[PDB]
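Enquirer:
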Amino acid sequence: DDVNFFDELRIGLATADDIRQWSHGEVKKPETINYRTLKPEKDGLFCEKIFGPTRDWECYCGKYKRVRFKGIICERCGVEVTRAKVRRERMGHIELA
Amino acid sequence: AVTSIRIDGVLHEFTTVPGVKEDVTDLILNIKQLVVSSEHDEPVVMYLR
Amino acid sequence: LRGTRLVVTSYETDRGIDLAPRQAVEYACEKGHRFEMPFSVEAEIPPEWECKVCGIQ
Amino acid sequence: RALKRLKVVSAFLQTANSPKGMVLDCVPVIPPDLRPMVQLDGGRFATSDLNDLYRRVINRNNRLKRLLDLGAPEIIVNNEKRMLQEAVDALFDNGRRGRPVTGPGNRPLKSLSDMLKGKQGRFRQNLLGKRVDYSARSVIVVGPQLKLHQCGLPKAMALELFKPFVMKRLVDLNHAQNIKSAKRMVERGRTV
Amino acid sequence: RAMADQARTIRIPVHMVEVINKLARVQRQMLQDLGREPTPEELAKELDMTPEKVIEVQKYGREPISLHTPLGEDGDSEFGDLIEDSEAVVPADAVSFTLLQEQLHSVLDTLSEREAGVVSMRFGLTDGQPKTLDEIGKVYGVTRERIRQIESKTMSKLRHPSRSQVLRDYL
Amino acid sequence: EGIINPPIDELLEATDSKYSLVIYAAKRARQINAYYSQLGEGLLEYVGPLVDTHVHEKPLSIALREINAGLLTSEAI
Amino acid sequence: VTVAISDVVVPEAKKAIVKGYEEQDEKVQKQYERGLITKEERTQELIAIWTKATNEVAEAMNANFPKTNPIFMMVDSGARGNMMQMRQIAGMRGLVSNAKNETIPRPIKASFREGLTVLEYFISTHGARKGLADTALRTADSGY
Amino acid sequence: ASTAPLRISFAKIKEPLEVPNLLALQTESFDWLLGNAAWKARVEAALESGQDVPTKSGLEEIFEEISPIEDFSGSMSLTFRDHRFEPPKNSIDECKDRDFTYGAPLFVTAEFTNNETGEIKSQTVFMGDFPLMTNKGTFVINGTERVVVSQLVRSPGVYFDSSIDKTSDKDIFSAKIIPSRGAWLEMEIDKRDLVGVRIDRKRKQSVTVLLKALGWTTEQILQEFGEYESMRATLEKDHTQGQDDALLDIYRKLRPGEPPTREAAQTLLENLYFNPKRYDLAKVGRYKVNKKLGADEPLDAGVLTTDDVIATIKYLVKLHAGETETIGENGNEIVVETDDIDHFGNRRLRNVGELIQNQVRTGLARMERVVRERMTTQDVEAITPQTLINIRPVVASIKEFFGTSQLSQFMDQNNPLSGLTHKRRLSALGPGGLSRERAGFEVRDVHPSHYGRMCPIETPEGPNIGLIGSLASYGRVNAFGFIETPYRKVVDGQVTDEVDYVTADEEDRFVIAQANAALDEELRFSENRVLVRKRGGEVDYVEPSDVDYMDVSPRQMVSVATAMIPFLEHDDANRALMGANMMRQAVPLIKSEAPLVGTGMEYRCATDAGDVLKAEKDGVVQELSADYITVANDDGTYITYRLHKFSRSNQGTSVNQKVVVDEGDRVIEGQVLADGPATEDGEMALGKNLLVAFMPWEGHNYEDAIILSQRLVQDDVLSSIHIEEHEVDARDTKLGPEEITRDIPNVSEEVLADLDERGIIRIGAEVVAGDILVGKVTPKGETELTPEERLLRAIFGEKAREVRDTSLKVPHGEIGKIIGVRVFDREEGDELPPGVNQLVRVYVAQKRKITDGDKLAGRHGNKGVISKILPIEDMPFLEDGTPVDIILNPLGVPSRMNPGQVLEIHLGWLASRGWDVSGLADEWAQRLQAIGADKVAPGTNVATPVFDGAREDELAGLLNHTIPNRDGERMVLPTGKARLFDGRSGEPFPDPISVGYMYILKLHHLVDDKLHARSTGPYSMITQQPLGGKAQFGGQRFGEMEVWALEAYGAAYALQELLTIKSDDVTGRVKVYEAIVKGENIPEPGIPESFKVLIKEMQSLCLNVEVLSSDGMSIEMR
Ligand SMILES: [Zn+2]
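Protein chains in written order, with the deposited numbering: chain P, 2 to 98; chain C, 50 to 98; chain V, 6 to 62; chain Y, 291 to 482; chain E, 344 to 514; chain X, 9 to 85; chain L, 724 to 867; chain H, 33 to 1150.
Structure below.
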C-alpha cells in the first residue's frame, strides 16, 4: 500500500500448492459470455463466483443489491457483494489431467 | 467602406447564384475594392439590381 | 473508437455506512479442511457447498 | 561440461527451490480485466488472444479427462496428451518450438511471454515511459523581446492546462457560485 | 456437434448454429443463381421468416476482432490502444458529486430539526437505508399521518422560488 | 522580478547545497499553505507568513523570501 | 550585410589556371592512346593534377575576397559557414566519388555560381544520396 | 497547344521531341489487361513499326492458360474463352456520392465437353464485377479514389556472383537460378574448390550427385569437364556410383523420413522443377536466360531443362577458372562475367496490369480446385457449367487486393502536381519486394544506369531514402517491364534526327554524347572533344568520330516535379531534393496566380494531370455560367460540361473550378474551358509573387523564421478554404432503436434553435465548439440512482425520460459555416450496412488567412514558419514608397549552397519591370535578338528551362535597360541592389539591399491542426494511463530520455509525480484534482497500476513473485 515499506522484491519457482493457493476457484468450462444476455457464464473464463462481481455492490441473481450488504456470500449464486475492480486482482486455475 | 452584403437567394459565401459567371466568394473580392464615401454616422444601405 | 466492458459502477463509498448483521456458518471437508462463511440473517442455509481449500464437496 | 552442469545442480541444492517445480500439474488463469472482452459501437466484440489459448487448453484437458475414464487405446490417449502439452506450451511461449499458432488474417497469436519481451513489452513501453496529464504540444516561433527566463504560451493552451486552478480562483472571487457554473464558464470561454 | 459447440468464442446453441448455416447457404445460392446480392425481403420470403429474424440471425454469427491487430504503419500501435475505458471514474464528475453531497446538507441545515431529521431518515442520506414511516415516527412518537404531512411541507419549502437556486445547477 | 527573485546565490549562502534548499523551501511552503487552508477554523497550528505578502501570492515565493531574510532554522532529526 | 549574385565573386585568375592544367591533362590522355602507360598510371596522374588545380584555385579565391564582402563577413566573424562551402560556391567543386567509393578522374570545374552541366550534376547526386543515407542510419545507431 | 498563355522563353537549344503522355504508364497497362479497343488500335499500328507486339490481353492469357480442366479419367472437360465486358451500372459521380465501387460485369463463354456422345453446353457465365480505371488513372473503391503504384522487383533469371573468403583470402563463386512462382537452385564453388548444387536451400550436396541422378555416367562427365580441376576433384571425392544410388541419396538428403524408392524421387524432382504447374519462369525469365547463356530455346514455354543446368554449371566453372569468353550453345559468342543486381538490366517493373493479373490468377487457382473437386462427386451428363463454377474466391481476391494492400494507396490530392506525382511513382518495397529495415546501402544509391529512367533528386527524406523514386520525363516501359529511353542517332559525326528507344544493356553497349554540346548549326560538333558516357557509366572525352548516340534534350534525367525549379543547375542536390519534395504539399489558394519566372512545364503538367477541363470537339460557346458550359459542336450536337464547385478532396482542401472562356468565344479541340484547384489559365500556379528583400531585421527572422506584411492579410493573398465532414448514424440496440430527433431530453430551447424539423442543423448556420449538429437520443433503460440525486429529483419532481442524449457536436477548437447535409435512410432503398438504420453527413467549411506559426517555403528548399506580421507603414520601402512584402535572412543562402534563389529574384524583378533591348549591338544582346526576347511589356511572364536557362551575362546586361518608372528612375542599381528606407526610424539604411520578386508557396502544415493541450481526458482499459493521439484529448509521452534528463538534474519529486499521479495512480488522480480545486496540499503518490499488471503477468507464468517488508513478510498488494 505504501511504496516506502517496499524493501525487497523476490522471485522464485511457483509450485502446485502456491498456484492453487493464489486461486479463488477452478475454471472448468470454456465459455466466456452468453450470446443473448451478454452476461458471464457460470464456471467460464469470466465467471463471477471466481473472478468477482461485474456490478458494484451487487451479485449475480440480484437478491442483494446495495452497499449495506457488504462482504456477504449470496447463497443463491455464491457471488460476494463488493466492488467490481476486484476483477483485476483475482486469479483462477485449471487442473490438468 | 462596405461592411456587409446580402443577396436575395444566397445563404453563405461558399455558393453560387444562377445566371452569373462568378461565385459569391469571388464577388466579395470585387466589392471589397469599391471606393465609397459616406457622411452618415450610422450604417447606410444601398441596393444593386 | 468507443468501447465498454459490460461492467457497472456507482458513485458510492465505504465510509459512514453501517453494515447489516451476518452469521458465520462453519463447513468441514473430508480431509479436515474447515472454513467459515458469512450469510445474511434473513437467509436459508443450504446443506452442501464447495470447499475453499481443495475444491471438493 | 561438469562445471556448466554444476552451475545448475548447485542452485537447487542451496536455495529453497525444488526441481519438481519444472513440471506443472495446475495452470494459473489471469484475471479477466487484464484480458478484456469489450463491446465496440455497433455490437462488434474485441478479444485479446489469451481467451483463445485458455479455451484450447481447457478443451483439450476436458477431452482428455473424458477419454481417460471412458477407456481407450493408448494411441489416441497419447495423442491427446501430446496436444495438451503443445497447447500449454503455446500458451506460455508461442513459436519457441515448432510453428506458431495463428488466427484470422494469418498472424501469430500473442502469448504470455510476448507481453514482457521486446521494445513493445511492459518493461520498455509502460513502466519506463508513460503518457502524462497536464501537458501540451505546439509549434515554436521566435520571440526576441522575452527575457532569458520567460516563455510565451497561447491562451488556449494556457487555459486548458490551468483549468482546475482557474476554476478554483474564479469561484474564490465570487465570479461563480459553485464549481459547476465555474466549469461551464471556463468551457464556454467567457471574458473574465 | 463438436464443431457446433467448440467453434466460437461466444457460444451459440446448436439450433441457432443450424439456422445460421441454413441462412448462409440460401444466401450463397441466391447470390450465385440470381447474379445480385439478395435483399433482406427476398431472403425473408425464401426462408419463411420475418426480416427482423433474418437480420438478427445475420448479426449473431459475426466473429470478434482482435485487440492486437496492428494499425501503425511502422508497427508500434495496436487496435486496442485507442479504445477508451468508458466506465472510468472521471475526476471532474467525482468532484462534482462530492460538492453536490456537501451542498445538499447545508440546505437541510437551515430547516427545522424535525424537518431535516425526517427527510434524512426517509431518504437515508445519513445511512443509505430508506426507513418506513412507522420507523421515522417511532423516534419522535408522532403518528404515521403526521410523518406524511411533515414531509410534504418540507418538499413544498424546498420546491419554492426561495431555496431552489442553490440546488438548480446540480440538476 | 518573478521566478528570478530572490537571487539563487543569496539563498545558497543560507544553506549547504541546492538539494537541501529544495526540501527546506518546499516544507516551509507546505506549512504556509496548510495554515491558509484551515484558517476558517479557529486553530493553533502552523505559523506564518512572517513577511508582508500580496493579495494572492504563491506560498513558495513567500517561503523563499523568509528563507532569504533569515527568519527560519533547519535541524536534523 | 546582404546577399546578391554580384557578391559571390569568382577569381579572375581561375580561368587561366584551369586552362593551363587542362593542356597538361590532355597530354596524359594522349600518352594513353599511344599505349605507353596503363590505366592505373593515367588515373593516378589525372587525380594528382586536378588535386593540384583545385588547391591552387582555392588559394586564388581566398586571396580574392575583400574584407568588407558580406559573405566573407559571415565566414570571418564565425556567424555561420566555413571555407569549403565558399570554395564550392565560387571556385571549383573538385573531384567526386563514384557509386562505388572511388574517385572519378574527371573533375567538376564549374561552381554553383556558373552552374553545372548535366553530367556533373548527375555525378554529384551520388555523394549527395550517400551522405543522406549515412545520416539516416547514424540517427538510430547513436541512440542504441 | 496553340491556345496557350504567353510565356517568353530564354531557351537556346531546339528540342526535336515532345514529352510523352505523362499518364500512359497506367492507362496503357490497364488497357492491355482489359483488352480494350485502344489496345487493339495500338497493337494494330505496332505491326510493321516498333514493338508493341503482345497480342493477348491479360484476362485472355489467364483464361487460355487455365483451360482445359480435365478429370483423371479424361472422359470430360471444361473450357473458358471469349471474355466480354458490359457497360457499368453506375457513373463515376454516383459511385463517389453513394459509396459504391466503379466496375463493370465480366462474362466468359464456357464449353462443357464430354468424350461420350460428343456433348457441348456452350453457355455464358458471370465471373463478377471487375473494377475499372477512370480516365485519370485512378480507381473508385468504396467511394474513395485510390492509386496503384508500380513495383520495382528483381527480374527472374540466372545470376552469377563472386566474393572474397575472409579466412583464406580465396575467391568464392556462386550462381543462382531464381524464377517467378517456383523454387530456387544455386551452385557454388567453395574455398576448397568443391562444387555444391544447393537445392531449395537444403543443406549442401555435390553437383556430381545431381548429374548422376539425371542420368550421366562417369565417362561423359570426365570427357566434358576435363580441362578444369574443380570438376575432377569433386568427381574423385564422391565415393558413389549409379543413377539409382545417387537418386536415392538425393531423396534421403532432401526429404528424410522414409526409405525411398527410386520412382518416388524421380516424380518428386519432376514436380519440383520440371512440372509447369508448380514451376514456371515467365517470358522475361526465359528471355533473360537465353540472352545470358546463349541458348535459343523458344520463349513460348518456360520450364527448367537439363540443358540449362549443364550450361549454368559450365558457365560457373569457366568463370571460376578465369576464362573471359565462351561459345554458348546454339550461338556464336558470349561474355563470361558476374552480374550486378541493381543494374536496370536486372530490375524490372510490375505495373497495375500485372499485379491485378496475379491476383486474378490466385483467385482462379482456388476456383479450378473447387471445380475439379466438385466434378467427381456429381453424376455425369446431368450437369451444366453454372453448377460447377463458383465465383466467390475470385471476387474475394480482387476485393482483398484493392483493400488492405500496400500498393493500392489512398490518393494524394493536395494539388494537381501532387496527384500527378503520386502516379509515375516506382516503389521498391511491398508484397514480394524488400522491406524497409532490410535494405543495405547499395540498393539506396544512384546507379549510373538511372540516367533517363529514374530521377536521382526526387525521393523521400525519411527512412525511405532510396526505396521510392519517380519515373523520368521520357521514360517508357518495355513490354517485359524494363524501362527505355530515347536517343538521337548520330552518324558520320552528323546528328541526325532519327530517334531510337534504348534500354540499359543496349545503352551500355554504345557510347552516348551529352545533351548540351556545341553544334555548328550544320548538325555537326565543333569543339572536337566531347564529353561522353561509356560502358561503365564513366565520363570521358572523345573526338567527334566515335560517338554514335546523343541525348534528345537536357533535363531528360529529371522527373516532372524537379523540372519545375528554375535555375536548378545553380542549386545543391540536397536543397533541390527538399524543394521538389516540398512543392507537393502546397495548398490551393482562393485566387491563383501563375509564376512570373518559371519553366516551360507548367502548362503541360496542368493539362496532363487531368484537373483542367478541356473541350472534346471544336465549337462555339453557346451558353456559360459558373456551374456549367454548353457548347454547340460543329458536327451538329450540343454538349454541356459541369464544373465542380466547392467539393472536398481527400486531404480536406477545396476543389473549385473557374471558367475561362466567354459566351461568344470559339473553342478548338483540347482547349481549356475551366481551371482546376491550383491552376491559372491552364498552367500550374501553387503560390504568389512577393516582393522580397534580403536583410536581418531586428531578430524577428532569426534562424529561418519569416516576417510578413499586413497587406497579405488585407487582400487575401494567402487565404485558403478548408472543408471537413462529420458522420453520425442511428442504429438498433437492445432497448429498441436509436432516434435522430430534435427533442433532446434536458437542454434549453436556445441550443435547439438552429436545428431543423428533423433534428439536423440548418444550412448556412455558423457553428462554434460545443454546438450540436445532429440531435440523437439513445434509450438507456431503468437504472439505480444515488440517494442524493433521488432527493434532488423529488425536490424538483422531474422524471427520467429513460433516454440519454448522444448528439453529434463539433470538436473542440473548430468553427465554420455549414455547406451541406446528406442523409441516408435504410427504409428509403439506401444500401446502409447491416444494423445501421440511418446515417447523416455534415460538411463544415471555413476560410483561413495567413497567421504566424504557419509554414511557408520556396522552390529551392528554403522553408520557414511565419513569426511576425508587421503593419504596412513600418516595412522597408523603396525610393518611390513601395513596401516590401516579405523579409528573409541572408545568412541561410551561402551556407546552404543554393544561389539559385538570388538569380530567381533578379530575373523576377527584371520580368516584373519589363525591358527593351533592340538597338544594342552588344554580344549578349545579339543572342536575345535571335530568340525574340527583345521587347517585353511589364508584367510579362518569362521561362528559364532547367539546364538551358538564362546566363548571368544576359541578366547583368538587362538590369541596365528596364523601363523607368513614372518619375523616370530605375530603383534597382546594375548590381541588383536597391536603396531602402527604414519603416520605423525613417532614416535610410546605410547600404543598398537586394530586392526582387520570389514565388512563395503555402505549405499544408498549418498551426491550427498542430496545437493540442490536456488536463484530463479518456484513459485506456488494461493499463490505466492517459490515451494517446490528438483526435482524443491525448497526453504527451514521457519516454526514457526525458527520465534520464530529470535523473541527471537530480529532480526526484518531479519525476515521482510525473510517473505516478499523472499516469497510473488510479486513486490519486481524483484526489489530486479535488485537492487542487479545494485549494490545499497535493497528497502523497501511491503505487502505479502498471506494476501490479506486471506482477500479475509474471505470476501467470508460474513465477512466485512477492514484495517483502523490512522483515520478510509479504505485503499482498491489496
Ligand atoms: Zn445472488
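Ideal Cβ placement from N, Cα and C applies to all residues, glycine included.
Could you give the DSSP three-state label for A889/H: helix, strand or coil?
Expert: strand
Enquirer: Report the rounded CA-to-CA distance for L399/Y versus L1126/H, giving the unit in angstroms.
Expert: Straight-line spacing of the CA atoms in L399/Y and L1126/H works out to 20 Å.
Enquirer: Using the C-alpha atoms, what's the distance from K1128/H back to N384/Y?
Expert: 19 Å
Enquirer: Mind listing which residues have their beta carbon within less than 7 Å of any non-hydrogen atom of ligand 1? Chain order is fine.
Expert: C60/P, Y61/P, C62/P, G63/P, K64/P, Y65/P, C75/P, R77/P, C78/P, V80/P
Enquirer: Would you call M1073/H buried or exposed, if buried means 16 or more other Cβ atoms sit within 10 Å of its Cβ?
Expert: exposed
Enquirer: Hey, quick one: how far does the beta strand (DSSP E) through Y533/H stretch, first residue to last?
Expert: 526-534
Enquirer: Quick one: residues in its chain with C-beta nearer than 8 Å to the C-beta of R27/V, no 5 flanking neighbours on either side, listed in chain order?
Expert: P43, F44, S45, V46
Enquirer: At a Cβ cut of 7 Å, what residues of the segment 23-42 of chain V count as close to chain H, listed as they run along the chain?
Expert: none
Enquirer: DSSP on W1076/H, reduced to helix/strand/coil?
Expert: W1076/H carries a helical assignment under DSSP once its states are collapsed to helix, strand and coil.
Enquirer: Does the distance from the C-beta atom of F542/H to that of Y573/H stay below 9 Å?
Expert: no
Enquirer: Given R698/H, which residues of its chain have a CB within under 8 Å of its CB, disregarding the five upstream and five downstream residues?
Expert: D650, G651, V652, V653
Enquirer: According to DSSP, what are the bridge partners of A207/H?
Expert: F192/H, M219/H
Enquirer: Within 9 Å of any Cβ in chain Y, is that where the Cβ of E96/P sits?
Expert: yes
Enquirer: Are the beta-carbon atoms belonging to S401/Y and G423/E less than 9 Å from one another?
Expert: Contact flag unset, no.
Enquirer: Return no unless some Cβ of chain H is closer than 9 Å to the Cβ of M797/L.
Expert: yes
Enquirer: Taking its Cβ as the centre, do 16 or more other Cβ atoms sit within 10 Å of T18/V, making it buried, or is it exposed?
Expert: exposed
Enquirer: Does the separation of the CB atoms of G404/E and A367/E fall below 9 Å?
Expert: yes
Enquirer: Give, in chain order, every residue of the segment 43-70 of chain X whose Cβ lies closer than 7 Å to some Cβ of chain H.
Expert: Residues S45.
Enquirer: Of all the alpha helix (DSSP H) runs that stay within the bounds of the segment 552-617 of chain H, which reach a length of 4 or more residues?
Expert: 605-614
Enquirer: Quick check on this structure: which residue in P31/P, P41/P, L39/P, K40/P has the alpha carbon closest to the alpha carbon of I95/P?
Expert: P31/P
Enquirer: In angstroms with no decimal places, state the Cα-to-Cα distance between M929/H and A727/L.
Expert: Rounded to whole angstroms, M929/H to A727/L spans 13 Å at the Cα level.
Enquirer: Going along chain P in order, which residues have a C-beta closer than 9 Å to the C-beta of residue 289/Y?
Expert: In this structure chain Y extends from 291 to 482, so residue 289/Y is not present and cannot be described.
Enquirer: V28/P touches chain Y at which residues, Cβ-Cβ below 9 Å?
Expert: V319, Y344, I348
Enquirer: One question on the structure: do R345/Y and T33/P come within less than 9 Å of each other, judged by their Cβ atoms?
Expert: yes
Enquirer: Inspect the beta-carbon positions of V478/H and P488/H and report whether they are closer than 9 Å.
Expert: yes
Enquirer: Helix, strand or coil: how does DSSP classify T862/L here?
Expert: helix
Enquirer: Interface residues of chain V around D57/P at Cβ under 8 Å?
Expert: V13, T14, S15, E17
Enquirer: Just to confirm my understanding: we take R371/E, look at its own chain, exclude 5 residues before and 5 after, and list those with CB closer than 8 Å. What are they?
Expert: So the list is empty, once near-sequence residues are dropped.
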